[PDB]
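S.K.: Those protein sequence lines, which keep their order, are chains O and Q.
Okay, so the first sequence: first residue is 1 according to PDB author numbering, each after it adds one.
Okay, so the second sequence: first residue is 199 according to PDB author numbering, each after it adds one.
In this text, a Cβ means the ideal position worked out from N, Cα and C, and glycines have one as well.
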Amino acid sequence: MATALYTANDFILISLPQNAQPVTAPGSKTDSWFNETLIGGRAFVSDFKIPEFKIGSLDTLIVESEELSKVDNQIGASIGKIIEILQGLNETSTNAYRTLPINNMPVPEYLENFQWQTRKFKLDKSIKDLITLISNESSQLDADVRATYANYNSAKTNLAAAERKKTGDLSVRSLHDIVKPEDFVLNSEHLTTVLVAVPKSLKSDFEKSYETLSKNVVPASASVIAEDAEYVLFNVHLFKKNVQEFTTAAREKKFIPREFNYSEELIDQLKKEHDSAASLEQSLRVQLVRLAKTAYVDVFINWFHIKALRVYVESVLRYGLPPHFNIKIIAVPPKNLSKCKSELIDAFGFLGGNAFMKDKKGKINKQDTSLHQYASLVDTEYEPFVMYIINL
Amino acid sequence: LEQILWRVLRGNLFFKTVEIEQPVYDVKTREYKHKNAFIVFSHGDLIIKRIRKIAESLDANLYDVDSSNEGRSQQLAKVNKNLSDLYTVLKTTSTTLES
């Protein structure tokens with residue numbers, strides 16, 4: 001069946017041997033008598049292209065099947081994680097580039113487009129050969145995706161760290177662009193000027209108890225030129241040995257511990273690093289989007305070829321001697337599985353067996369008892385044919 | 199398992215089991231039960247290891263007769279003598295203890 005939810009469709013594969021028939025009316029064979037059987041006369045039913053793959057033992061069959069299934073589902077989860085992080089990238093508010101012409105080519109055919117879509121797909125290899133081939137290829141490509149996403153994670157964490165200092169109320173920001181340098185007087189190398197701030201209520205109220213300080217508290221020149229959010233900053237004098245005493249005497253009436261001792265290179269470095277992080281994330285997103293989508297599309301093909309190989313295994317088991325048959329594909333609009341499978345699947349199972357008939361059927365595994373596993377890899381009770389969840 | 203083998207193992211072994219004539223007491227909680235005696239051939243090998251690691255769960259009393267079914271003779275005798283022997287310890291011990 002399928003797994004996604006978009007303006008797209010759903011897809012299945014199935015094992016159908018030569019001796020099998022599409023039993024709904026007598027006097028016919030496989031390929032014919034099944035053209036619009038699936039309701040609507042709308043679908044399009046085709047086969048899958050795959051030759052034999054040289055095998056030595058059935059005991060081999062089972063082991064490659066199991067290990068494959070493992071890696072198959074692992075990379076299914078991996079591709080789920082991908083689409084997740086792609087949405088995190090949010091190239092569009094909604095999902096983007098999915099269901100769009102796959103590899104620039106209209107989506108519908110681009111899976112039944114499989115005319116042996118070959119990248120290194122050549123029969124020369126053996127079973128273990130392509131097994132490890134695809135396993136390791138998936139491994140490295142997903143690790144690259146992981147490196148991409150981790151790079152973005154670190155970049156986003158640091159960008160948020162920086163943005164907090166540029167977001168919020170006063171006394172939480174920094175001082176790199178809200179004030180100008182040429183106010184702290186360094187004409188004298190005795191006075192020390194702290195640009196401490198006070199709330200609005202008492203802005204001028206510090207214009208009375210402000211002159212008991214030491215020599216040359218330059219008067220009639222301190223005031224506020226900026227208002228961070230609501231409160232007020234100003235100018236204060238104090239001698240080099242008049243710093244901590246003033247700080248405590250001022251904090252005695254609840255002013256936040258916030259002093260920015262200035263140096264032009266501080267604001268210079270702050271602006272530089274803000275710009276650096278901004279451009280970092282900009283380039284990061286704008287390139288990683290295309291890189292990730294490209295890896296995604298190139299992977300899809302092998303990501304589905306592995307399950308094609310699985311069903312080939314299923315076949316060579318279930319009906320053996322001719323390793324291939326009409327292992328049929330299905331293409332039909334979605335939201336219709338309920339009344340688009342039962343009759344034909346049950347009939348094909350009926351043909352596939354001649355000693356057992358019951359009502360409950362499926363695949364699930366529940367660790368309740370020996371019963372209720374339903375596979376040829378794990379235990380099963382009643383499960384004649386083979387299909388799977390197929391969707392981009 | 200009769201049906202599990204039918205598909206996980208393809209049903210690739212000619213399944214043959216029979217009812218037990220007058221079964222006896224089980225052992226774990228030591229009561230009665232019934233069972234059946236499946237007979238399974240093969241010419242694939244590791245399938246046998248699969249059989250072992252699947253059937254151990256319930257009971258794996260490993261058994262197989264001599265397909266050249268004349269070893270049957272010593273098969274019978276070697277433990278027929280043993281049971282003949284063991285038939286005694288019970289009475290001897292019971293008698294001495296009770297007396």
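1) Consider the Cβ of O/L61: report whether some Cβ of chain Q lies at a distance smaller than 7 Å.
2) So O/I82 packs on O/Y296, CB below 8 Å; how close in whole Å?
3) Does at least one heavy atom of the ligand NAD sit under 6 Å from the Cβ of O/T247?
4) At the level of alpha carbons, what is the spacing between Q/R205 and O/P384?
5) Would DSSP call O/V63 helix, strand or coil?
6) In the structure shown, what three-state DSSP assignment does O/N302 receive?
7) Under the three-state reduction of DSSP, which class applies to O/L392: helix, strand or coil?
8) Looking only at DSSP bridge pairs, what is Q/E217 linked to?
9) Using a Cβ-Cβ cutoff of 9 Å, what residues of the segment 375-391 of chain O are near chain Q? List them in chain order.
10) Just to confirm, is the Cβ distance from O/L351 to O/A150 under 7 Å?
11) I want to verify the contact list: residues of chain Q whose CB lies under 7 Å from the CB of O/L58, in sequence order.
12) Taking buried to mean at least 16 other C-beta atoms within 10 Å of its own C-beta, is O/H190 buried or exposed?
13) Is the beta carbon of O/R258 sitting closer than 7 Å to the one on O/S171?
14) List the residues of chain Q whose Cβ lies closer than 8 Å to the Cβ of O/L317, in chain order.
15) Please report the straight-line C-alpha distance between O/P22 and O/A43, rounded to a whole angstrom.
16) Enumerate, from N- to C-terminal direction, the unbroken beta strand (DSSP E) stretches of 3 or more residues contained entirely within the segment 316-354 of chain O.
17) Comparing the C-beta of Q/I202 with each C-beta of chain O, is any distance below 7 Å?
18) What residues match up with O/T192 in a beta bridge as DSSP calls it?
19) Going by beta carbon distance, what residues of the same chain come within less than 6 Å of Q/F236, once the five residues before and after it are set aside?
20) With 9 Å as the limit, tell me which residues of the segment 349-370 of chain O have their beta carbon closer than that to any beta carbon of chain Q; keep them in chain order.
21) If you run the structure through DSSP and keep just helix, strand and coil, what is O/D47?
22) Between O/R251 and O/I85, what straight-line distance do the alpha-carbon atoms span, to the nearest angstrom?
23) Any residues in the segment 242-262 of chain Q with a beta carbon nearer than 7 Å to a beta carbon of chain O? Which ones, in chain order?
24) Mind pulling the alpha helix (DSSP H) runs of 4 or more residues that sit fully within the segment 267-296 of chain O?
25) Rounding to the nearest angstrom, what Cα-Cα distance links O/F325 and O/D346 in this structure?
26) Output the distance between the C-alpha atoms of O/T30 and O/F11, rounded to the nearest integer angstrom.
27) Excluding five sequence neighbours on each side, which residues of the same chain lie with their C-beta closer than 7 Å to the C-beta of O/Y262?
28) I think O/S15 touches O/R318, with their Cβ atoms under 8 Å apart; what is that distance to the nearest whole Å?
29) What is the DSSP secondary structure of O/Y110, reduced to helix, strand or coil?
30) Straight-line CA distance for O/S209 to O/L202?
31) Measuring only the C-alpha atoms, how far is O/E36 from O/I330?
32) What is the DSSP secondary structure of Q/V222, reduced to helix, strand or coil?
33) Taking the C-alpha atoms as reference points, what is the distance between O/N187 and O/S223?
34) From this set, O/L344, O/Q373 and O/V332, which residue's C-alpha is nearest O/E109's C-alpha?
35) What's the gap between the Cα of Q/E229 and the Cα of Q/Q220?
36) Closer than 7 Å, CB to CB, is residue 303 of chain Q near chain O or not?
M.R.: Result, derived from the coordinates:
1) In the first sequence, counting from the first residue as 1, residue 61 of chain O sits at position 61. O/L61 does not count as touching chain Q.
2) Within the first sequence, residue 82 of chain O is the residue found at index 82, counting from 1. Within the first sequence, residue 296 of chain O is the residue found at index 296, counting from 1. O/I82 to O/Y296, Cβ: 6 Å. Contact.
3) Annotation note on the ligand NAD: not contained in the displayed structure, which lists no ligands.
4) Your numbering for residue 205 of chain Q matches position 7 in the second sequence. Your numbering for residue 384 of chain O matches position 384 in the first sequence. Going by C-alpha positions, Q/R205 is about 8 Å away from O/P384.
5) Counting from one through the first sequence, the residue named residue 63 of chain O turns up at place 63. Residue state, collapsed to three classes: helix.
6) Counted from its first residue, the first sequence places residue 302 of chain O at position 302. Helix, per DSSP.
7) As a first step, residue 392 of chain O is located in the first sequence; it is residue number 392 there, counting from the start. In the structure shown, the three-state DSSP call for O/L392 is coil.
8) Within the second sequence, the letter at position 19 stands for residue 217 of chain Q. Looking at the DSSP assignment, Q/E217 forms a beta bridge with Q/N234.
9) So the list reads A375, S376, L377, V378, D379, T380, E381, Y382, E383 and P384, given in the order they occur along the chain.
10) Here residue 351 of chain O refers to the residue found at position 351 when the first sequence is read from its first residue. Here residue 150 of chain O refers to the residue found at position 150 when the first sequence is read from its first residue. Taking 7 Å as the Cβ cut-off, O/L351 and O/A150 do not qualify as a contacting pair.
11) In the first sequence, residue 58 of chain O corresponds to position 58, counting from 1. What O/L58 touches in chain Q: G242.
12) In the first sequence, residue 190 of chain O corresponds to position 190, counting from 1. O/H190 should be labelled exposed.
13) Within the first sequence, the letter at position 258 stands for residue 258 of chain O. Within the first sequence, the letter at position 171 stands for residue 171 of chain O. Using a Cβ distance threshold of 7 Å, O/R258 and O/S171 count as a contacting pair.
14) The count along the first sequence starts at 1 and reaches residue 317 of chain O at position 317. Result: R208.
15) Here the question's residue 22 of chain O lines up with position 22 in the first sequence. Here the question's residue 43 of chain O lines up with position 43 in the first sequence. Their Cα atoms are separated by approximately 16 Å.
16) 328-332
17) Within the second sequence, numbered from 1, the residue matching residue 202 of chain Q stands at position 4. Output row for Q/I202: interface = yes.
18) What you label residue 192 of chain O is simply residue 192 of the first sequence in a count that begins at 1. Bridge partners of O/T192: O/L238.
19) As a first step, residue 236 of chain Q must be located in the second sequence, where it is residue number 38. Contacts found: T215.
20) Answer in chain order: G353, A355, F356 and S370.
21) Stepping through the first sequence from its first residue, residue 47 of chain O is reached at position 47. O/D47: strand per DSSP, three-state reduction.
22) Taking the first sequence and counting its residues from 1, one reaches residue 251 of chain O at position 251. Taking the first sequence and counting its residues from 1, one reaches residue 85 of chain O at position 85. Roughly 48 Å separates the two Cα atoms.
23) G242, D243, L244 and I245
24) none
25) In the first sequence, residue 325 of chain O corresponds to position 325, counting from 1. In the first sequence, residue 346 of chain O corresponds to position 346, counting from 1. Distance between the alpha carbons of O/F325 and O/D346 is about 19 Å.
26) One-based indexing of the first sequence puts residue 30 of chain O at position 30. One-based indexing of the first sequence puts residue 11 of chain O at position 11. Each residue's alpha carbon lies about 20 Å from the other.
27) Counting from one through the first sequence, the residue named residue 262 of chain O turns up at place 262. Here the set comprises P181 and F184.
28) The residue you call residue 15 of chain O lines up with position 15 of the first sequence. The residue you call residue 318 of chain O lines up with position 318 of the first sequence. Rounded, the Cβ-Cβ distance is 6 Å, consistent with contact.
29) For this step, residue 110 of chain O is matched to residue 110 along the first sequence. In the structure shown, O/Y110 sits in a helix (DSSP, three-state: H, G or I).
30) Translated into the one-based positions of the first sequence, residue 209 of chain O becomes position 209. Translated into the one-based positions of the first sequence, residue 202 of chain O becomes position 202. Between the alpha carbons of O/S209 and O/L202 lies a distance of about 12 Å.
31) For this step, residue 36 of chain O is matched to residue 36 along the first sequence. For this step, residue 330 of chain O is matched to residue 330 along the first sequence. Straight-line spacing of the CA atoms in O/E36 and O/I330 works out to 11 Å.
32) Counting from one through the second sequence, the residue named residue 222 of chain Q turns up at place 24. Q/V222 falls in the coil class under three-state DSSP.
33) Here residue 187 of chain O corresponds to residue number 187 of the first sequence, with the count starting at 1. Here residue 223 of chain O corresponds to residue number 223 of the first sequence, with the count starting at 1. Those two C-alpha atoms are separated by around 19 Å.
34) As a first step, residue 109 of chain O must be located in the first sequence, where it is residue number 109. The candidate whose alpha carbon is nearest that of O/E109 is O/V332.
35) Residue 229 of chain Q sits at position 31 when you count from the first residue of the second sequence. Residue 220 of chain Q sits at position 22 when you count from the first residue of the second sequence. Rounded to whole angstroms, Q/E229 to Q/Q220 spans 14 Å at the Cα level.
36) Because chain Q spans 199 through 297 in this model, residue 303 of chain Q falls outside it and cannot be assessed.
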